[PDB]
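Some notes on the structure that comes next.
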2 protein chains.
Amino acid sequence: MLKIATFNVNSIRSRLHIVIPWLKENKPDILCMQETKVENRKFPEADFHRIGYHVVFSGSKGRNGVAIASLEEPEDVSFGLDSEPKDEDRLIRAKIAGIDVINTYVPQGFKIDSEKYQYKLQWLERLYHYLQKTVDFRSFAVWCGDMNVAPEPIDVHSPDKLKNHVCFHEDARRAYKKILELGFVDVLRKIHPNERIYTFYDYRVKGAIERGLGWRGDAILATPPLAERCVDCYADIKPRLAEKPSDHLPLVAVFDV
Amino acid sequence: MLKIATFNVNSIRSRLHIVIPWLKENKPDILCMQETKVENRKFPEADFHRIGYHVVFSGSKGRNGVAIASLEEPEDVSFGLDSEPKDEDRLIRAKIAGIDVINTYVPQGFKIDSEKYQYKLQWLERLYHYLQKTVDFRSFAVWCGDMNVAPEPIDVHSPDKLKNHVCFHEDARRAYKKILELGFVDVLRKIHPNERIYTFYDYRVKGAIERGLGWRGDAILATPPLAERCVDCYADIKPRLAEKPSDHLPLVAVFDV
DNA sequence: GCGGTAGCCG
DNA sequence: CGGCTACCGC
């Protein structure tokens, strides 16, 4: 079996007490991480090596930042989109254990009336052309990450109220779904269709977990031949309940490979 | 037995992971704290209550701040000196288990040539008069705190280097010793008159403990009849080695009463 | 809320 | 080094 996970860590240097024990327990083949919030020269790579994980990383000071930890040595590592602004701190790609892995931290967008929202839409359009150009859909590939898009009403707690939210607004949803149409399968919905499963609970929301006030903007998207072999996918609530948790949960997929 | 401790905590809300386990393990009758750095309405009372400790506290935002935790309910609680500026955030006094407890965070002084050092000197003069007026030296009383004064050469690592340091300058030493000559016994020196023992190691001095690069500016001072019963007094080095420690060490005195 | 940033400070 | 005052981002 092959296990691939994705996890927005909200600062890797402030989350090793979660990530390292979680890797020891769950032993995924590949863990994609977002919002590492660290410059490359300060990335805590030794902490991963000591538990038998390779780790590749791309980030700048204070914000954004992406990394992939793996049991097998990553090859053919690249950073960013292939056009300006490259945003190396938002996209890291590698061939790992025969899998083409693309890990994205999509711009969140701030508010729909902002320049940042237009930048998010443009990023999703650029990502479309990037993946159309570079992904072999007859091969095993996974596009993982924190997409900052909840594509269907089941992916948000209150679809009726969130029409103007940057993570649920129609333009972002349409742009994200345009990429899925290339032939990515949202494996969470292969296994758990139409089921309230959230990968994010806002720190600011009192009792968020207990009252089900979450979002599902994180995804593992697999090419058709890999998706066909997906036998499980779930969000792990345990690290979200631990002391000093990330606001996101890991999302885990298991393939019959 | 009766156990009394003093501990400069460098922000109580940042030090509960040290202080609460420390109380549970050491079970002192009285713990005086300095540099709590918290306004009264935000003092973490419940943390002490849930381990069976009373706590009384006096402080404003971000600087200074004093508190006393005790097994027995404090009585006749007062804040500050009895003259303007009162500095309620630098003195808290209470009758606890029949003992008159005075907890001070003496002005540090900054530099020898500054208005702040003058303020430190007049504060010590004011404290002399306050204690002379209000302490019965026939009764059980303890004056403890972070005095920001190392009275003798044994109390500092480099007496020569530090002649003009605010915590070891002759003016502050004589002002402090003037208070002691009222009848206060520095119990650390009753038990360990000749030992190099420190209650502070600067965070910035790498290897300070091994290198003996410490200061002893914290004290537990007892009236003669209480002092006569002192059987032990030591600084606890263990919490100084802990993750995210205070820069100061708990100073502990035990009395056979 | 709770990550990050900078400069101030002992 | 690790508190503070502030701010910034999600």
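Proteins come first, then strands; the chains are lettered A, B, ... in the order of their sequence lines, and each starts at number 1. Computation of the quantities below employed the complete heavy-atom set of this structure, encompassing side-chain atoms and omitting hydrogens, waters and symmetry-equivalent molecules.
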Next on the checklist: With a 4.5 Å cut-off on side-chain heavy atoms, are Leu221(A) and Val187(A) touching?
Outcome noted: no
Checklist entry - Just checking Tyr201(A): base, sugar-phosphate only, or nothing, at a heavy-atom cut-off of under 4.0 Å? => result nothing
Checklist entry - When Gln34(A) is tested against each of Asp146(A), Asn10(A), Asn103(A), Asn148(A) for side chain to side chain donor-acceptor pair (under 3.5 Å), which residue passes? => result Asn103(A)
Checklist entry - Taking protein heavy atoms under 4.0 Å as touching, what does nucleotides 3-10 of chain C look like 5' to 3' if B marks base contact, S marks sugar-phosphate-only contact and - marks none? => result SSSS---B
Checklist entry - Does any non-hydrogen side-chain atom of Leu124(A) lie less than 4.5 Å from one of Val149(A)? => result yes
Item to check | Euclidean distance, atom CG of residue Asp89(A) to atom P of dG9(D) [Å, nearest integer] | outcome: 14 Å
Item to check | Integer-rounded Å distance: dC1(D) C1' and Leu241(B) CG | outcome: 15 Å
Checklist entry - Taking only residues two or more places apart in sequence, or in another chain, which ones meet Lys116(B) in a side chain to side chain donor-acceptor pair (under 3.5 Å)? => result none
Checklist outcome for this item: In whole angstroms, the gap separating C1' of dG9(D) from CG of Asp146(A) amounts to 14 Å
Item to check | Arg173(A) charged N/C atom sitting above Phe168(A) aromatic ring, 6.0 Å / 45° | outcome: yes
Item to check | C1'-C2'-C3'-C4' sign verdict for the sugar of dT5(C), north or south | outcome: north
Checklist entry - Do side-chain atoms of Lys37(B) reach the backbone of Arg63(B) as a donor and acceptor pair under 3.5 angstrom? => result no
Checklist entry - Between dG9(D) atom P and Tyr105(A) atom OH, what is the distance in whole Å? => result 12 Å
Checklist entry - How many Å lie between NE2 on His248(A) and P on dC2(C), as a whole number? => result 14 Å
Checklist outcome for this item: To the nearest angstrom, the CG-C1' distance between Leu16(B) and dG2(D) comes to 17 Å
Next on the checklist: With no hydrogens and no angle check, just 3.5 Å: does a side-chain donor-acceptor pair link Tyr117(B) and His169(B)?
Outcome noted: yes
Checklist outcome for this item: Sugar of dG4(C), judged by the sign of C1'-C2'-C3'-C4' (positive north, negative south), puckers north
Item to check | Rounded interatomic separation in angstrom, taking CG from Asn8(B) and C1' from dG3(D) | outcome: 11 Å
Checklist entry - When the distance from CG of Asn64(B) to P of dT5(D) is rounded to whole Å, what number comes out? => result 12 Å
